[PDB]
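So this block is final.json, JSON, C-alpha atoms:
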[["chain", "number", "residue", "atom", "x", "y", "z"],
["A", 1, "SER", "CA", -5.40, 10.26, -13.64],
["A", 2, "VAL", "CA", -3.31, 9.59, -10.51],
["A", 3, "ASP", "CA", -5.11, 7.01, -8.38],
["A", 4, "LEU", "CA", -7.02, 8.42, -5.42],
["A", 5, "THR", "CA", -9.48, 5.64, -4.50],
["A", 6, "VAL", "CA", -7.10, 3.24, -2.78],
["A", 7, "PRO", "CA", -7.18, 4.53, 0.86],
["A", 8, "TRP", "CA", -3.73, 6.10, 0.59],
["A", 9, "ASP", "CA", -4.11, 8.39, 3.60],
["A", 10, "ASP", "CA", -5.02, 5.48, 5.86],
["A", 11, "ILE", "CA", -2.11, 3.45, 4.47],
["A", 12, "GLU", "CA", 0.19, 6.38, 5.22],
["A", 13, "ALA", "CA", -1.00, 6.58, 8.83],
["A", 14, "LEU", "CA", -0.37, 2.84, 9.20],
["A", 15, "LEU", "CA", 3.14, 3.23, 7.73],
["A", 16, "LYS", "CA", 3.97, 6.24, 9.89],
["A", 17, "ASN", "CA", 3.12, 4.18, 12.94],
["A", 18, "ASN", "CA", 4.98, 1.05, 11.77],
["A", 19, "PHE", "CA", 8.14, 2.99, 10.90],
["A", 20, "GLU", "CA", 8.40, 4.77, 14.26],
["A", 21, "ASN", "CA", 7.30, 8.15, 12.81],
["A", 22, "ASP", "CA", 10.28, 8.14, 10.39],
["A", 23, "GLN", "CA", 9.11, 10.65, 7.77],
["A", 24, "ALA", "CA", 11.81, 9.71, 5.28],
["A", 25, "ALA", "CA", 10.78, 6.05, 5.43],
["A", 26, "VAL", "CA", 7.10, 6.88, 5.04],
["A", 27, "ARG", "CA", 7.88, 9.03, 2.01],
["A", 28, "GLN", "CA", 10.02, 6.33, 0.40],
["A", 29, "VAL", "CA", 7.36, 3.63, 0.85],
["A", 30, "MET", "CA", 4.41, 5.82, -0.19],
["A", 31, "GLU", "CA", 6.31, 6.96, -3.29],
["A", 32, "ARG", "CA", 7.11, 3.42, -4.35],
["A", 33, "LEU", "CA", 3.62, 2.07, -3.64],
["A", 34, "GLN", "CA", 1.98, 4.79, -5.70],
["A", 35, "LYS", "CA", 4.54, 4.60, -8.51],
["A", 36, "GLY", "CA", 4.12, 0.83, -8.57],
["A", 37, "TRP", "CA", 0.34, 1.09, -8.61],
["A", 38, "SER", "CA", 0.57, 3.18, -11.79],
["A", 39, "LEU", "CA", 3.15, 0.90, -13.43],
["A", 40, "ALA", "CA", 1.21, -2.28, -12.64],
["A", 41, "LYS", "CA", -1.98, -1.21, -14.42],
["B", 1, "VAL", "CA", 8.54, -7.74, -2.38],
["B", 2, "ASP", "CA", 10.19, -6.09, 0.63],
["B", 3, "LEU", "CA", 8.82, -7.81, 3.73],
["B", 4, "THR", "CA", 9.75, -4.83, 5.87],
["B", 5, "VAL", "CA", 6.53, -3.39, 4.33],
["B", 6, "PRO", "CA", 3.71, -4.43, 6.64],
["B", 7, "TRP", "CA", 1.59, -6.17, 4.03],
["B", 8, "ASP", "CA", -0.58, -8.11, 6.49],
["B", 9, "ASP", "CA", -1.51, -4.92, 8.35],
["B", 10, "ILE", "CA", -2.26, -3.22, 5.01],
["B", 11, "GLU", "CA", -4.52, -6.14, 4.14],
["B", 12, "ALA", "CA", -6.41, -5.76, 7.42],
["B", 13, "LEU", "CA", -6.89, -2.05, 6.70],
["B", 14, "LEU", "CA", -8.18, -2.80, 3.20],
["B", 15, "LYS", "CA", -10.58, -5.43, 4.52],
["B", 16, "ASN", "CA", -12.17, -2.82, 6.76],
["B", 17, "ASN", "CA", -12.20, -0.13, 4.07],
["B", 18, "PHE", "CA", -13.81, -2.46, 1.48],
["B", 19, "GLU", "CA", -16.58, -3.80, 3.71],
["B", 20, "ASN", "CA", -14.85, -7.19, 4.04],
["B", 21, "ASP", "CA", -15.11, -7.76, 0.25],
["B", 22, "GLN", "CA", -12.60, -10.56, -0.47],
["B", 23, "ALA", "CA", -12.54, -9.82, -4.19],
["B", 24, "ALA", "CA", -11.71, -6.15, -3.65],
["B", 25, "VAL", "CA", -9.03, -6.88, -1.06],
["B", 26, "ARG", "CA", -7.45, -9.38, -3.45],
["B", 27, "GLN", "CA", -7.52, -6.93, -6.37],
["B", 28, "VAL", "CA", -5.79, -4.20, -4.38],
["B", 29, "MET", "CA", -3.27, -6.45, -2.64],
["B", 30, "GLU", "CA", -2.34, -8.00, -5.99],
["B", 31, "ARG", "CA", -1.71, -4.67, -7.70],
["B", 32, "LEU", "CA", 0.09, -3.13, -4.72],
["B", 33, "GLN", "CA", 2.56, -5.99, -4.52],
["B", 34, "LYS", "CA", 3.00, -6.33, -8.31],
["B", 35, "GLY", "CA", 3.67, -2.60, -8.40],
["B", 36, "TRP", "CA", 6.10, -2.73, -5.49],
["B", 37, "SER", "CA", 8.19, -5.43, -7.15],
["B", 38, "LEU", "CA", 8.14, -3.54, -10.47],
["B", 39, "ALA", "CA", 8.87, -0.06, -9.12],
["B", 40, "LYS", "CA", 12.30, 0.91, -7.96]]

Show me, as structure tokens, the structure contained in the file I just sent.
Amino acid sequence: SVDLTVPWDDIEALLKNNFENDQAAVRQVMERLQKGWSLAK
Amino acid sequence: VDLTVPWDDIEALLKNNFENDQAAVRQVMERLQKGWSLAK
């Protein structure tokens, strides 16, 4: 049931660029966005 | 809502992905930001 139709992979590529290729930051933001998506619906 | 997250750039990406559908972009931006503020 985990959401797959938001373009998560494209969002991740955007975030990796924005955060200067900081993997830890990308992981933190992707985790919270996807957790939040589930909690908000 | 943490403004270090590049919400405007995410919106531009969604607009392309959803064929410029305003309603879809709104739906997704609403839920992403509601979820961000809820989630820790």

| query | Which neighbours of range 18-27 of chain A fall inside 12 Å, counting only C-alpha atoms, when residues of the same chain fewer than 2 positions from it are skipped, and could you give them as a PyMOL selection string? | reply | (chain A and resi 8-9+11-16+29-35) or (chain B and resi 4-10)

| request: For chain B, work out the contacting residues on chain A at 6 Å, counting all atoms listed in the file, and write them as a list in words. | output: residues 33, 36, 37 and 40 of chain A

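The interatomic distance for the pair CA of residue 1 in chain A and CA of residue 20 in chain B works out to 26.6 Å.
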
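Taking CA of residue 2 in chain B as the reference point, CA of residue 19 in chain B is found at 27.0 Å.
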
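CA of residue 38 in chain A is found 7.7 Å from CA of residue 3 in chain A.
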